[PDB]
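Just so it is clear, A, B, C, D, E, F, G, H and I label the chains in written order, and each chain counts residues from 1 on its own.
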Amino acid sequence: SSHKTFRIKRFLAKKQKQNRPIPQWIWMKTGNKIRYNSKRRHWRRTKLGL
Amino acid sequence: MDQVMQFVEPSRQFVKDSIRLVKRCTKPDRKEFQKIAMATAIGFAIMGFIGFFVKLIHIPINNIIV
Amino acid sequence: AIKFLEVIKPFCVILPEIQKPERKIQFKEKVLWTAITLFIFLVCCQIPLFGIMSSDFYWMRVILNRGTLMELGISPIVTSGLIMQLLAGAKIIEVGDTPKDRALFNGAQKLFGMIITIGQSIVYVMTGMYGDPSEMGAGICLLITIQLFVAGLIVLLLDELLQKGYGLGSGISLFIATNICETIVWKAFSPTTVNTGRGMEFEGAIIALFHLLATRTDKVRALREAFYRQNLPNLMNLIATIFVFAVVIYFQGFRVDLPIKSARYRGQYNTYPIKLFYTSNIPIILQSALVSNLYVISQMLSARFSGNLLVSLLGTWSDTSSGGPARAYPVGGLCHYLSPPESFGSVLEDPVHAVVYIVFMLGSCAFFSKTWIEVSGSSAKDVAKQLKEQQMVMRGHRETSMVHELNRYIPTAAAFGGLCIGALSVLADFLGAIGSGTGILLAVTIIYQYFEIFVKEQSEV
Amino acid sequence: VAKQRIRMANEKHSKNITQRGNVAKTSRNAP
Amino acid sequence: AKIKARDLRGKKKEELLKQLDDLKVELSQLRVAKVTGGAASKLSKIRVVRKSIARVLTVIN
Amino acid sequence: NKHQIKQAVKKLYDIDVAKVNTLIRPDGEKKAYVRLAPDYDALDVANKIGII
Amino acid sequence: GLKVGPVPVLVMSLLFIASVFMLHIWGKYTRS
Amino acid sequence: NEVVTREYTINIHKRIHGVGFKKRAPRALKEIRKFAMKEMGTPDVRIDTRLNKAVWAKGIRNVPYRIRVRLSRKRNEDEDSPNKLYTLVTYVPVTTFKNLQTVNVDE
Amino acid sequence: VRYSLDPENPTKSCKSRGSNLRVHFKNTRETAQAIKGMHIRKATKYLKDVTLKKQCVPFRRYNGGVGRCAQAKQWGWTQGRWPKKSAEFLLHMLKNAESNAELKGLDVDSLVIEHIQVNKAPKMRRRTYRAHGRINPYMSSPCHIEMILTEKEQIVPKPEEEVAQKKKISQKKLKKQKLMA
């Protein structure tokens, strides 16, 4: 909501920053296996639960 | 003073922009300045000498032609 | 539009073109293409034209770019290049925005350069800069056209080959830089000698020193003669050129680096450079024109209307026959105020005039630089459109707010960039440095590109 | 601004039916 | 002119506090450069200046 | 806090500050809207800082 | 459009450069 | 005589007979466009917005019974278009429909 | 890349193929069987009629529930339909194949569809929501297509109204080329 606690507004901010694609130079790394960020979240498909 | 400030202010501000642009300019640093200086000298020596020789060599050949 | 492309279309359909290199060429191979390219051009310069008979001078045809196969230099091919982006910038020509049409558009540029060459070669034959046709005959005149003409096509064709990845950079810039370089080196080590009544005197300024530092018994005398000649080059002139070289080098690095990034991909941060010399050597060239032909008009005008104060005040003229061609001298009035001082003693003996000319030269250079950007399509709006077309943007800005950010520096870089260009030239000429700023700026900038290219490939070369 | 221009401009647009494929980008040609 | 801990051992406290302040001023300028389009050289200097800051504080502590 | 930001701005850049407004951004960073005294030109001060 | 190779430039220009010599040499040594 | 103009009366009443209320006016346009193709043989048929306004002037279901139109076969200036010609259907306001024939219009 | 069959005279054939194409496999297998053995000009003309509903594709194997039409009598069959996407997809493959023939310097007016095969591609997953809180598959059935064209002694020049058409310019293709240039 608009009414927010500092603790919640800080938890939500960290969940916002983790929701990005991987850098493309990570692919060229020597022993790389990651193809994409498998931990992507969508506000509508799955809920943070808090 | 219209006719004074009507030309003084722009020229005065033109200095303001000029100084400001110089502060924002990335200026070459002594190590960067030295790197190019030795670079340009060598490159200058190459082209000029190569041309200097060619101009010399055709001198006798020019004499034969004329 | 229709009667512009359709006219050009058929002609380029037949015109020649060089093929691409399918896979990237190795650097040491590129050098070898470049090395052969520069050698060929130099030969063409040293070759005097065949058939120049009456007037321009056999000695001149032996010694000197005057009278060579490169009499026109690269001005014809250059003239089309400026003419082209002038018309495109001027909106006189509708831009055929497709890669193959754009190649064809470049084809029209090549055609114009060839057109100019024949136009210039024909004109110079008419004017008699090699003699009268009624004396030489047309067959000799025709040979003159062919030699100049074919040279332009070869020179035109050679530069592209280097541009197309077979060599390094641009041949025209290489040649122009080298000529500047050979000019200073020539004046520095020429073994040629000139018979002063005291004997033969070496043109090579450095040669003359030791030649005069060994011959003359009093080394105090040679401490002046070699360094303060007036009919011969001096090592002081070489000294300033060295100092000017350092100055130009320092100001080559000045630029405003704006952060831009691709709108499509994260990271990938790149910088758009706004060079201080935003308008290159164009402003002085334009400045030269107004100076040169203002004297021509003011000279002619006073002759027919010497009695008018509207003309006498504008300028009083004199024909100074100082050996070479009669040198026009503004006796007084505006034109004299719009003329340079010739000697250090004159400068200090007339400080007020020195201030006026110095100030005017700067003001002219700045103005021509500022106005040139709007004409040449290099203003903020044009640059923004280039970036928008290339999918580049400033981080945190909208497409429309890029124009505002560029306007902070582009108009100021133009005025301050042009002002510095003129100022540097004035100091260089006040110091009599060989070639002034225009040559030095070009040579310094050009060697940097090849320097930069070498550094990249130096990674393993 | 006169409100009658809404009608006049609306009617002008209707005339584009007869010039499909060559409709003027800007009718204020000057500038 | 790189900062090495051995060079800092014998210096006075106020002398190291001054040296610390110069580095902190330097880092702030680099952080301004990081967002105004500084060259790759200035960006690489951030980590060099940060560990120089740590070295001085280490020798002070 | 605002008092700390105001004192830091003055000491770092030797300017005077009229007031400070602050918000915490959705990404967790704190943004400070620092207004300078009328005898100071933020456009000039930005050039000193290198922003413009 | 007509295409061209890089060496054909060098070869054609060289023959032209050779052709220039003939102009200076033959044009003189027949009239000297 | 590719560029010709004629004036027609289209009996919309018999064209839309039996059609549902919500489809009556839309099908008048479809029948006007079908009529134009038959008389002029041009798949590219353009219906003037004033004729559209006349067919809808009474709502979706109470469409006018008869309507006087004008068909003009014109040359398609769009060289890209596969159809050299096209028909333009305009509206002719009439007080009465009695004794109105198919009339050749000369421009 | 391997095709199921091999051209009999490889010097007189051109190939084309496509994979993971989002056109129904069942409609397309029927559409391809119609044009098997057709001359390319006839084949191209036929598929354009299918789009205009002037000629039907007879549904011979996958005909469960398919309706009857008067145009299926042309094929000695009662069931026929007009799969527009299948026809359009095959018109693109034929166009690609015809260009391949030109690249090899073959007489495009003599080409016959000699081999043509439609294969099921891996199925794409979506879902539909059913009564009582149940979820069920909603699967697309894409196909692979491959066709080999061969020269025969019958020649059909191209239609006049087709050779006179403008080489359409695509602005979006110009943009990307300019960006690369």
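Some points to look at:
Keep this in mind: contacts are C-beta pairs under 8 Å (C-beta built on N, C-alpha and C of every residue); 3 or more make two chains touch, one makes a residue touch a chain.
Chain-to-protein mapping (UniProt): A = Large ribosomal subunit protein eL39; B = Protein transport protein Sec61 subunit gamma; C = Protein transport protein Sec61 subunit alpha isoform 1; H = Large ribosomal subunit protein eL31; I = Large ribosomal subunit protein uL22.
Between chain D and chain G, the least number of touching-chain steps is 4. Between the chain pairs C-G and C-E, more C-beta pairs are in contact across C-G. Per-chain CA centroids place chain F at a distance of 71 Å from chain H. With centres taken as mean Cα positions, chain I sits 62 Å from chain C. For the pair chain B and chain I, the distance between mean C-alpha positions equals 65 Å. Distance between chain B and chain C, defined via averaged C-alpha coordinates, is recorded as 12 Å.
In chain A, no position touches at least two other chains. Contacts with at least two other chains are made by residues 43, 47, 257 of chain C. Here chain E touches chain F in the complex through residues 28-29, 32-33, 36, going by the rule given at the top.
The touching residues of chain I, when paired with chain H in their complex, are 161, 165-166, 168. Touching chain A in their complex are the following residues of chain F: 24-28. Residues 174, 177-179, 181 of chain I touch chain C in their complex. Of all the residues in chain B, the ones that touch chain F in their complex are 20, 23-24.
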